[PDB]
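Sequence positions, counted from 1, serve as the residue numbers for this chain. Because only heavy atoms are used, hydrogens play no part in the values below, and waters and symmetry mates are left out as well, while side chains stay in.
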Amino acid sequence: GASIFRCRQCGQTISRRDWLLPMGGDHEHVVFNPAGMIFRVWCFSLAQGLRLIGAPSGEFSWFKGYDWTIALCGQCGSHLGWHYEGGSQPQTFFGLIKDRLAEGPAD
Ligand SMILES: O=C1CC[C@H](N2C(=O)c3ccccc3C2=O)C(=O)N1
Ligand SMILES: [Zn+2]
C-alpha cells in the first residue's frame, strides 16, 4: 500500500518508495522558501511524469552545489517540487513536496 507516489491532484504516476534518496542522511528535509512557505520535501533519485520548466538556478537552493528547475505534474500542471542538477553524488535528484503526492499500491 505504500509503494507508488502519484500526483495528489490528478493521479499521474510520479515516483516510488524504492526511489527515495537519503540526502544529508534523511530523505525528508523541512525547508522554507523566500515567500515564507514551509515544505516537507522528500528526496528521490528518480521520478517520471513531470514536466521540468525554466532555467536551472542556484539561487536560494536548499542543497549545496545544486541548481534547481521547477517540476510540474506533466498531466495537470500542479507544482510537485523541483529537479536538482549540477552537483555530485548524486549529480541530480528530485525534491518533491510530500503533501502534493498521494502514496499507495500498484493496482
Ligand atoms: O531549492 C530551492 C528550490 C526553489 C525554491 N524557491 C521557491 O519555492 C521560491 C518562490 C519564490 C521565489 C523564489 C523561490 C525559490 O528559490 C527555494 O527557495 N529553494
Ligand atoms: Zn497532476
Side-chain angles (χ1 to χ4, degrees), residues 1-106:
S3 65
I4 299 308
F5 292 92
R6 289 183 184 281
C7 174
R8 169 180 180 181
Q9 291 319 121
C10 76
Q12 173 90 316
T13 302
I14 302 296
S15 194
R16 297 187 58 99
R17 191 163 266 281
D18 288 340
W19 303 342
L20 282 164
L21 178 65
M23 292 294 296
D26 203 323
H27 58 244
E28 177 178 274
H29 288 260
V30 184
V31 294
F32 293 91
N33 76 7
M37 309 176 258
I38 190 172
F39 301 101
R40 300 186 97 95
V41 176
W42 280 32
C43 295
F44 293 89
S45 291
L46 175 62
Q48 65 184 120
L50 296 159
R51 182 157 59 97
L52 300 184
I53 62 147
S57 178
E59 313 160 80
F60 310 113
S61 183
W62 298 306
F63 303 98
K64 196 168 84 86
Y66 299 90
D67 306 306
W68 52 270
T69 61
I70 292 162
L72 305 182
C73 177
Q75 180 160 268
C76 79
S78 175
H79 176 211
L80 299 189
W82 303 270
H83 183 248
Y84 291 91
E85 59 201 317
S88 297
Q89 285 204 237
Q91 295 176 317
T92 64
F93 72 95
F94 294 84
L96 301 176
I97 302 163
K98 176 58 156 78
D99 73 345
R100 298 190 188 181
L101 303 172
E103 197 172 357

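- In this structure, the side chains of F94 and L80 stay at 4.5 Å or more apart for every pair of heavy atoms.
- The hydrophobic cluster containing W82 also contains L72, counting ILVMFWY residues as joined when their side-chain heavy atoms lie under 4.5 angstrom apart, directly or transitively.
- Residue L96 comes nearest to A47 through the heavy atom pair CD1-CB, 4.4 Å, listed as atom of the first residue, atom of the second, then distance.
- Between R6 and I14 the shortest side-chain heavy-atom distance does not fall below 4.5 Å.
- The shortest non-hydrogen separation linking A2 to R17 is O-NE, 3.4 Å.
- Around the CZ atom of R51, the shell of radius 6.0 Å holds no more than 12 heavy atoms that belong to other residues, nucleotides or ligands.
- Following chains of ILVMFWY side-chain contacts shorter than 4.5 Å, one cannot reach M23 starting from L46, and the two form parts of different hydrophobic clusters.
- Remark: side-chain polar atoms of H83 are not paired, donor with acceptor, to backbone N or O of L50 under 3.5 angstrom.
- The shortest side-chain heavy-atom distance between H27 and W19 does not fall under the 4.5 Å cut-off.
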Quiz: residues 53-68 side-chain donor-acceptor pairs under 3.5 angstrom, not counting sequence neighbours:
unit_1, atom_1, unit_2, atom_2, d
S57, OG, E59, N, 3.3
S57, OG, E59, OE2, 2.6
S61, OG, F63, N, 3.2
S61, OG, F63, O, 3.0
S61, OG, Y66, O, 3.1
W62, NE1, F32, O, 2.9
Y66, OH, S88, O, 3.2
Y66, OH, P90, O, 2.7
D67, OD1, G58, N, 3.4
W68, NE1, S57, O, 3.3
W68, NE1, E59, O, 2.8

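- Looking at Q12 and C76, their side chains never come closer than 4.5 Å, going by heavy atoms from C-beta outward.
- To the nearest 0.5 Å, atoms CD1 (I97) and CD1 (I38) are separated by 12.0 Å.
- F44 places none of its side-chain heavy atoms less than 4.5 Å from the side chain of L21.
- Panel note: side chain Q9, backbone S78; no donor-acceptor pair is recorded below 3.5 Å.
- Judged as a side chain to side chain donor-acceptor pair (under 3.5 Å), and not counting sequence neighbours, the contacts of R40 are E28.
- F39 places none of its side-chain heavy atoms less than 4.5 Å from the side chain of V30.
- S3 places no side-chain N or O within 3.5 Å of a backbone atom of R16 that could act as its donor or acceptor partner.
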